[PDB]
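One letter stands for each residue in the lines below.
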Amino acid sequence: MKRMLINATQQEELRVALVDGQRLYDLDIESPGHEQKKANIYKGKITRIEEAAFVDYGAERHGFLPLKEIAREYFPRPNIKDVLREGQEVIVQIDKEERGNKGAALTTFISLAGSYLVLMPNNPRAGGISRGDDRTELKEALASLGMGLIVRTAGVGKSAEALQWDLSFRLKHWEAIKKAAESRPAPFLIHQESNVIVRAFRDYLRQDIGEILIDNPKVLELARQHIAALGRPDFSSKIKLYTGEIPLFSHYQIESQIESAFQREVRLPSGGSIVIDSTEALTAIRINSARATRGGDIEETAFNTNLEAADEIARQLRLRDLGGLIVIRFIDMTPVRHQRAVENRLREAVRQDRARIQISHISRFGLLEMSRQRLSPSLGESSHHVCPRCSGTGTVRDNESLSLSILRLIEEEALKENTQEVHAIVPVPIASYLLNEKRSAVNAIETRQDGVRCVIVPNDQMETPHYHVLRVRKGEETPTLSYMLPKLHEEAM
Amino acid sequence: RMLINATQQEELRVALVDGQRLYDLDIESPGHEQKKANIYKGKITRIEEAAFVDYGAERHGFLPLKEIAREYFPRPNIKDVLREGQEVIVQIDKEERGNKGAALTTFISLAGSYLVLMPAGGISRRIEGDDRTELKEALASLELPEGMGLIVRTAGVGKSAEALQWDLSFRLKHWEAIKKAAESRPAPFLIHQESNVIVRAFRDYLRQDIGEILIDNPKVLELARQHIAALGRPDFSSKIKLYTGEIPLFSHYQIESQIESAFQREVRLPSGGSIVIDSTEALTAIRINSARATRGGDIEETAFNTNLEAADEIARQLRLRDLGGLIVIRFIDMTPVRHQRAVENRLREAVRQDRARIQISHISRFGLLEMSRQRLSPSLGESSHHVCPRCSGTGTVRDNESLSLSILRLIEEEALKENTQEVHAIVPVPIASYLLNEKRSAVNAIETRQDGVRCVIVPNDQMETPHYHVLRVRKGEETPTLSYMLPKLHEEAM
Amino acid sequence: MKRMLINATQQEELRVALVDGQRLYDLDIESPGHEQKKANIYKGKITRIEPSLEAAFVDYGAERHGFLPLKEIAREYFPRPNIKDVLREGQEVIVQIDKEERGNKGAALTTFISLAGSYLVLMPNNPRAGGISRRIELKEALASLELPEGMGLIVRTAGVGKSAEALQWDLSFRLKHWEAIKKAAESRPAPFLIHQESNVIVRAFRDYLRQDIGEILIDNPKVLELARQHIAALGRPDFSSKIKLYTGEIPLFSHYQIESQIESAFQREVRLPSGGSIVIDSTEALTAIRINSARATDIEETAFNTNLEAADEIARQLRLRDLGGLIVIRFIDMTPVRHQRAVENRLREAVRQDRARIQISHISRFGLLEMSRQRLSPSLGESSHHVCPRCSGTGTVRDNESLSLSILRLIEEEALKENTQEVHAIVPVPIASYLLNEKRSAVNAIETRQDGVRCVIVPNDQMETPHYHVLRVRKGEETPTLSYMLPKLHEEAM
Amino acid sequence: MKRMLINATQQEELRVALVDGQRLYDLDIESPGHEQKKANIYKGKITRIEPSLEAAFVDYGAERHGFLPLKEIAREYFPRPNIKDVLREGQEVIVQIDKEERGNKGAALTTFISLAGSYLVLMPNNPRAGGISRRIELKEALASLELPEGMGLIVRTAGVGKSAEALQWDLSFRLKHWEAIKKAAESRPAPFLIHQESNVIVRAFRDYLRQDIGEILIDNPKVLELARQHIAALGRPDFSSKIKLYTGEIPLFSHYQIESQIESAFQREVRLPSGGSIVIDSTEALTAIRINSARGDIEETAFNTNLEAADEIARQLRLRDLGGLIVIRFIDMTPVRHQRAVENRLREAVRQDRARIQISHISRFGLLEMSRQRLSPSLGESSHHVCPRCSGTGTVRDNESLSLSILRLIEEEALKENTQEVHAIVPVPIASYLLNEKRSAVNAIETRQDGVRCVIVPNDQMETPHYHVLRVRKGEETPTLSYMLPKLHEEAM
RNA sequence: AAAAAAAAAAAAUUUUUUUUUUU
Ligand SMILES: [Zn+2]
Ligand SMILES: [Zn+2]
């Protein structure tokens, strides 16, 4: 049986888990505090125009809107200046939220989701039915109901008159968009990203789930209320309390599976593992073998490990809510039939979450390419931050290589015109290497580039990958002692 | 030109420059550069038409029948040729393929002063005319033993016949002396020369289109002229010249900023785009970024020209970094196919100047191009960096309260165990501050619900956000040790 | 009203206080574990003899010998010039600990056992010692006591108004306790202990109990139970009516407002009603007090009044701290002597209220008053603090350049030695920064003038400003160890 | 031979040492910080008046007040009970700094300037003071001097045997200099500086240089040049024959083996030839010395060790330039005549100082009291700073005893009305002890003083001695995380 | 963290989780 388990015993992160008996199928965790860095909707103004235009919506860095995402409601496709004009105001949704010095990515194609159908108020072309005899007769119902709309899997077999029930809520909710836009305040939006209940059921709750188990009565009562508000008050019969002495997720033994969604590596029943590495623009998965078993059949070892990997990779894609481009390095399979079998097993595992996923065949190099629909940012870089030490490179520069580089950087600052001093402020061991092993070269710099003071400072506040070299121009000289330079710069910077 | 910087002995830097464009580079330090394509002793550890060799590498090396000479037989199975626990002397033919150990060969060869001993025949093609027709007269007198082969080396030109008629005995002794080495030395250990990394740097790079070699250290210049003259090419020594300026050689040609582009994560491009290079456990991903959109840019010219510059730059970085194994490149999306193809063939032509094998796929639907590069030596990422000690190479660290709540639910499951009297968590200061104040209610909840078990949470000065410990105290083996003493114990117990 | 207040709700320190209304009168705080050097009576073995020291060293059960001077041996142990005329090796003696825990050294010992009761002290090994406390019909009551012949006794101030028949009760317990000691001492094997630190009432009442105490208030019922039992065992079950529990939400010591007064016993400086203060500094051998006036705004009347208030508070701190040994005071200078003596007599009157003996000399030529106090137990300074690991108890740290230049010439003076190849200094970050930038010219001057010696200076994370190390490397001891590896070496090697 | 050795090879401290053969005799070390509180003569403005103190406060141009008691005001400033009968605000006086930099409190001043030459000291504002050295032609020569009326003079130790004509040379410079003082004083504005502690060459000799010193050795030629110039202006140009350079590769102080003796002036403890030692501790108002024995005949060893200690204590009193009250535990001696012998050994060792020194007898408790004149701040005041860790107490409170005191301070704050939270910011081991060993009591406080939160924060930036406990009033609560509270309070307060 | 054994709990009574055990 499929079951949904909700853990809310500690309010600082609400955990919702979808389970197949004892196997965790899907996960969402949202916290109050920090900043909840996903999927917000905003009201904003066009501020600069060029394959995109830039929107001021009250964020500290502007949003980015490309030509693909410009709705017809802007119009008066070579240049955006032929489509847009300054000071024009629209509601937009963030895909990627204010990362670094790049703007937050936007769309104007907001969509409103119901119990049976999703409404596309800005796009009359977009419509369809989620992936036979059911689809086609539902498409006749859909066709009978500037808007477009899509019908959810929970709409399977619903009549053209039941769908007319749910659509009345959706069109009220479009009136709520129009109230938000010209009735309500300048930064305002419709019912927000912060809702605990609606988004949690509506994205993933489907009828073959047998029970919802909840550990907090005060949350369970609001769940009853919202599932009744979502039009399913009969389905409230499935909501049940939990009371057991082991906490709910350790009671069903999904606790380690949940934390596997944060792990870099997941091990597999045959003893192989999948390793997930995220890069600038793609997520790379590498699959690792178990022991060779003293001349076992390496084809079935690879093929079975790849299959158990495909079963796990589709699941991690769900659990992490990954999006954008992915690359998979499966173990090398000689015959084509093994390659096909892994490709189609992956397809059959990933289609059962509703998010659009697209897959290539295995290349000559053994690399498979796939993509996943951009529904929200992953757990990575929403419950994580960029590593302050290595700046997110994942590597530290080797101590002698850095020391010798700083030595020649000092030399190249001291070569400059108008130069009176150079200060290198460095980690303690870097200073130790410079001022003993390379002291002969620091003296060589001070004597060749004659007249420049060279100061090398060991800093308490630095560790290997961070250093500063600074130059002092004529008349900027100071009596400040060498050990006082970091104390100055903690205030000065 | 070829520019050699060695004014600092702690790393030897060799650069190849075209005009003032650095086009190829090598930087490795002594003391942890490995000279040869090394020869090692190893143990036959698993067998099937190959055997697997423990030569001290982290994953065993591969010894196929392709590279086993019949003199190593005691032909369907190596199980019938070799046995478990057998000790073999073998050479690295290919160095650390991807995840795997080295591929290995038994065809060891020893280089003498006229010849290379194959304990096969011919002469160096590089010697000509009246040289070959005297060198053949020096060869024909040599007393090489039965069943051994030879190659007459380029170094053989001008060497006198009556010294080297004896000198061939050293290589014939050295083939037996390998036995002495193999039973005196430990197994994962080195063997004599054939691998001077400064002279052999010419073997990697020096061919006739190079006009000059400029060397800023006079002793390295002395050793270079000595080697190129000893290799029998004293005419070619006319290319080797000193540098003497007070600005260092690489700043004199203004390549010093270009060299460190081989170490940066990101290199910016003349059109204002950039390439970003990331390494994963088995492949390298490159992303190409446009310039910030400004003042009426043209969308196809921006994408296409930035990609073409990025293709030239990527081929250049591939050389500079000495990357190897699989690569994936995400170019900027180009609408018309001929622009895509033109970028592919620009990359192909740029990389064909490399002497390494490089192979390239077509651009996929997603805008991803796949390629390979030959596994010639460790990259700059392997020689000059190590994995981040904080994050262990993720490049991102969990948010403090999120990691705290993960540690809290681990503590809760440790307290649920049988045979348990206390649970100790040792954590970074902010984790303890959060758990022992914000989540104090939960710590009390664990201590009261999982009845009878003590919970200790210790703030440690010695920890950063990624690392923590949670531990078990057995019933009756409990200790009176104070909370702040537990890290002082565990830094020295384990 | 005088009260005794006990706070025992937190076991990691038991607090016993005497209060005069809301004014704290006397205090002890001791932490748990009855670690036993108090007044211990032992059977011990004579293990070394030193007539040069005039002492014997006794193995009484401790891991380090106890010290028994010739001053402290009763004639019963003789076979007064030499220990060799008075004791011999392997002799067994009965002894009592007089002095607690000098340094690393064992306890000092006497053979003149004394047992102190509620009203009297019994001197069973000394017939000459006897009297009545000078703080006091009691001489007639004493003369009526049936004291055993050859013993002495002294009567306490607690004998005030007591009857000749109540005094015989205390005498009956104390002499029974000595008869038990004798039965134990001659039945039991030599290396053993006869009575010990651990009794709560013997510590509590004998240090504090007088009849004018109106109440004893206790906030822990397990203690109150044992208090009523012990005061009944003392034979005052009627006095158990004074023992009462405290139950308020404000803790006992904050209800009587003494909790702020207790912390004055820990401070270096204590403020006074006239706005002056007293500052207490303890040195190698004496405790010196300074008295300060208030801020400026008649200074002569202020000086005299502040000295008097300081004398009352100094006598009170001498109690609360349980100070012992020599004490020295700077009062504010008073012109007429009769005001100096008036302050001395205020001090005398404030210290007569201590039952520990105190002795005073007159105010000196330089305005120093010298006095001593009986070493009944280690003070709060000796028992509840440890020496500063940074300043080593000076209260001062050397200036960074003042230290750096001294290290600089220490490095030079090591480099001057013959047979020398390297010198290493390991020093704090700022000291290394000063040595290697400000004084780099001098470091180079040493390397060139004291030619042939390598000079290494290492900034250490694990050293503060006060400490440093400087070391010398002899001929051929040279090592490839990196500079920043030298501390890592010495933390593991030493 | 007695020698003066000057070491100047390193400019950051100039070292002047005086040696009796190879025994270090006297020392001064000064760093080139040209801070002039030292001893200079000034003109100042009467700025505050205190008949309560019988004193006045003077503006002499410093940011720190001068203190000028009626003890120190000459009758030339009057219009002896009250300063209001002597002074008014804005009156201008000639003054000299007597006391340097007590605490925050002002430098003490005198108007009774005295000018000290090479053979004599002139007392131009004081007729009463004059005579001949206690520690020593001269009876004729003194009477022959043409000393101006109303001035006094004192003959120096260096005046031994000096002629009736040499003394008239030195007198002429002193009476020149008093005119220069008055000319400056009545020409120039109100607060200003008249004359200088140009000590390094000239007065470094003149306060120190006696005819019995055989050589002056100098390692810096620029200093040697300035020495030979000044010794001629001092009127001893024949003595310029004695100024010599030192040139060896071993530095001057290590050649004469005094370098190891000098550091004894910085140490807490100094060793003695009999294997004993002396321990010097300085307190709020006095310096206490203790003498310790070696592990001989105990009565004879005590007496000999006390004598060797007296020799060294007199020498340390000079080398440290100690000042104020001194107290000594000598080892207790049975016969009294050994007590006076040590007392008078100490007297004879200190009578060699020109600083005023006074000694009492060994007291009842075996304590000897003495005093020494405050000629300048010691090496303890000039070349050390108060320990930052212990606040100069010399002890650290035990972690549990401090923890339990903080615990009950937290409880006593949480008892207060108008109180919403209590925050304690503490060192790591104190928080560790409070929140684990004493967690039951923290919970006890949170339950008894119900409604008030207790937060205990482990701080990176606090050592064992320091702590803060703070009170949060109604509505002052914050969502700021516990680990963020130190960052908040470092910026706010 | 590897073989066998015994206990507790969860989904369908056998793979899963924990703990412990090996002259
Ligand atoms: Zn990192
Ligand atoms: Zn200190």
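Conventions we followed
- Residues numbered from 1 in each chain as written, not as in the entry; some residues may be left out.
- Chains lettered and ligands numbered in written order.
- Heavy atoms only, no water.
- Residues with missing side-chain atoms left out of burial classes, pairs and counts.
- Helix = DSSP H or I, 4+ residues; strand = E, 2+ residues; numbered from the N terminus.
- Rg over C-alpha atoms; globule rule 2.2 N^0.38 Å.
- Contact = heavy atoms within 4.5 Å.
- Buried area = accessible area lost by both parts, 1.4 Å probe.
- Salt bridge = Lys/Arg side-chain N within 4 Å of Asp/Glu carboxyl O.
- Polar contact = N/O pair within 3.5 Å; in protein donor to acceptor, adjacent residues only side chain to side chain.
- Pairing = 2+ DSSP bridges.
- Patch = residues over 30% accessible without salt bridge, like charges linked within 9 Å, V, L, I, M, F, W, Y side chains within 5 Å.
- Areas by Shrake-Rupley, 256 points an atom, 1.4 Å probe, with all protein chains shown as cover.
- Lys, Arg positive; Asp, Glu negative; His and termini not counted.
- Charge placed at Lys NZ, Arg CZ, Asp CG, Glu CD.
- Buried < 20%, exposed > 50% of the residue type's maximum accessible area, 1.4 Å probe, protein only.
- Nonpolar A, V, L, I, M, F, W, Y, C, P; charged D, E, K, R; others polar.

As documented in the archive entry, the model was determined using X-ray crystallography at 3.950 Å resolution.

Draft legend 1. Representation of the overall build of chain A in the model. Assigned secondary structure in chain A consists of twelve helices and 25 strands. Taking 493 residues into account, the globule formula puts the C-alpha radius of gyration at 23 Å, and chain A, at 29 Å, lies well above it. Overall, the C-alpha framework of chain A stretches about 90 × 70 × 55 Å when taken along its three principal axes.

Draft legend 2. Seen up close, the interface of chain C and chain D. Listed by partner, the interface residues are 69 residues for chain C and 70 residues for chain D. Across the chain C/chain D interface, buried area totals approximately 6,500 Å², and carbon plus sulfur atoms make up 53% of it. Looking at the side of chain C facing chain D, the largest losses of area belong to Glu-284, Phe-366 and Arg-409 of chain C, adding up to 11% of the total buried there. Across the contact surface, chain C and chain D share nine salt bridges. Note that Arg-398 of chain C and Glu-263 of chain D form a salt bridge whose closest N and O atoms lie 3.0 Å from each other. One can count 34 residue pairs in polar contact joining chain C with chain D. Across three bridges, the pairing between strand β23 (residues 396-398) of chain C and strand β22 (residues 384-386) of chain D is antiparallel. Within β22 of chain D, the position partnered with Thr-396 of chain C by the bridge is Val-386 of chain D.

Draft legend 3. Quick peek at a positive patch on the surface. There is a patch of like positive charges on the surface, built from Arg-48, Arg-61, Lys-68, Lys-96, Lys-102 and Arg-374 of chain A together with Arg-292 of chain B. In this structure, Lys-102 of chain A sits in the loop between β7 (89-96) and β8 (104-107). Classification of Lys-102 of chain A by relative accessible area gives exposed; the value is 52%.

Draft legend 4. A look at a negative patch on the surface. All names here are of chain B. Together, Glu-128, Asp-130, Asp-131, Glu-134 and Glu-137 give the surface a local cluster of negative charge. With respect to the helices and strands, the residue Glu-134 is situated in helix α1 (residues 129-139). For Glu-134, a relative accessible area of 57% gives the class exposed.

Draft legend 5. Representation of helix α12 (residues 440-449) of chain B within the structure. When α12 of chain B is considered as a whole, its buried residues turn out to be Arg-440, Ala-442, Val-443, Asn-444, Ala-445 and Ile-446 of chain B. Looking at the buried positions of α12 of chain B, the neighbouring elements they touch are α10 (400-415), α11 (429-438) and β23 (454-460) of chain B together with α11 (428-437), α12 (439-448) and β25 (453-459) of chain D.

Draft legend 6. Main features of the interface of chain B and chain A. At the interface, 75 residues of chain B touch 77 residues of chain A. Each partner contributes to the roughly 6,900 Å² buried at the junction of chain B and chain A, and carbon and sulfur atoms together form 52% of this total. Here chain B and chain A share eleven salt bridges between them. Across the pair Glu-259 of chain A and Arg-409 of chain B runs a salt bridge, and its minimum N-O distance is 2.9 Å. Counting across the interface, chain B meets chain A through 38 residue pairs in polar contact. Top contributing element to the side of chain B that touches chain A by residue count: α10 of chain B, with seven residues. Grouping the amino acids of the side of chain B that touches chain A by side-chain chemistry returns 23 nonpolar, 24 polar and 28 charged.

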